[PDB]
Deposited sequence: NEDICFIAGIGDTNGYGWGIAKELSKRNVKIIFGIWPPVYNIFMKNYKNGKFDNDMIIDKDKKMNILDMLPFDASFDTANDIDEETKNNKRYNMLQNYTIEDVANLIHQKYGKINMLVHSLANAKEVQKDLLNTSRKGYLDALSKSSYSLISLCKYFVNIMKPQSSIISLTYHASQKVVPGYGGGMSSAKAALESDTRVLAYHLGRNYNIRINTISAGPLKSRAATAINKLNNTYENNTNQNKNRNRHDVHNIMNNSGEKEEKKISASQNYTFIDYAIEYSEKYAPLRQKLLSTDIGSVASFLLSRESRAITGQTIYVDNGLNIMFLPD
């Protein structure tokens, strides 16, 4: 009924960004994707070649309602931030207005004010290297894209939101307890994301009456998951064997939580980490 959500960080339909997009369509929210420049063109190709038709079907006679699809790179806050190499690059040269600020500006100009923000991107150049052999550049690159991205997104997008808006992002338990293969300081990144959620909760709550929470999802065989080193195959088999609920976790599991988290229905919740993981986090010794 004139609800519009922006989802940062889709590349295909095997991630949580898709799951979140499915479920929100059930509540008749219009969807706008933010797609990372280097995969935008291919994503666009697949969409037009119908690769995703099936994944867009919902309930009885309802389709997913994609208002727009835009290039978006969470590396850059303004135009002033893009370096000579990136600008010059084959992926980027063909596109424009993909910075955090340019995307707020562009959405707002095309469609007016929105009321739903989702952060659903992570990126860590050295993810495959354990924390101890992670370099300074790789650590900060991880923090920049995976965590600072959240603050920037909030900082530009509050302007174009209505009061009583909601914002989520996705996190992982590795921030609280040691996950051996989750390297490159994605642990570190997730650590800070959760803490920033509490801090943003305070500022966004008192100064605009906008809520923010994060969802701590169990494992899901996504594009990004397979970039780690298998690891994600072990995480899935372990989860389905030792979690208090022995069923397959689905992107739409997280999706529905996000939708309730994004609705008036959770008015009294903010600054929280909510686990959507079939209860895995509560276990100590595997039985």
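Parts of the chain sequence, as deposited, that carry no C-alpha coordinates in this structure: The deposited sequence has one unmodelled segment, at 230-271.
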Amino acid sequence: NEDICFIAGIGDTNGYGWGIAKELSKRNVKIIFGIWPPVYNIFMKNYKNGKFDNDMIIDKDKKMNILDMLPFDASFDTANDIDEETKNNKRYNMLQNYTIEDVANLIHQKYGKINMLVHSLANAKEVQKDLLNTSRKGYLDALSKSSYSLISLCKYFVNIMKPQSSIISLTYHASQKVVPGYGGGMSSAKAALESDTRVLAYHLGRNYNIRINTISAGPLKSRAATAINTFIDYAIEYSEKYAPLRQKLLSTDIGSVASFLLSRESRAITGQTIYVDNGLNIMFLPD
From here on, numbers count along this sequence of modelled residues.
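Just so we're on the same page, rigid core means the largest C-alpha set that superposes within 1.5 Å between forms.
Between 42-50 and 59-67, larger RMS Cα displacement in 4 other deposited structures of this protein after core fit: Of the two stretches, the larger average C-alpha offset in 4 other deposited structures of this protein falls on 59-67.
Greater root mean square CA deviation, 82-90 compared with 186-194 in 4 other deposited structures of this protein, core aligned: Of the two stretches, the larger average C-alpha offset in 4 other deposited structures of this protein falls on 82-90.
80-88 versus 117-125 - greater average Cα B-factor per the deposited record: Mean CA B-factor is higher for 80-88.
Between the two ranges 91-99 and 131-139, the one averaging a larger CA B factor in the entry: Between 131-139 and 91-99, it is 91-99.
Within-chain third of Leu280 by Cα B-factor, per the entry: Its C-alpha B-factor, which the entry lists for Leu280, ranks in the lowest third among residues of this chain.
CA B-factor ranking of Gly255, expressed as a third of its chain: Answer is lowest: the recorded C-alpha B-factor places it there.
Chain-relative CA temperature factor third for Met56: For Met56, the deposited C-alpha B-factor lands in the highest third.
Assigned third (lowest, middle, highest) for the C-alpha B factor of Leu261: CA B-factor rank for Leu261: middle third.
Lowest, middle or highest third - CA B-factor, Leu249: Bottom third by C-alpha B-factor.
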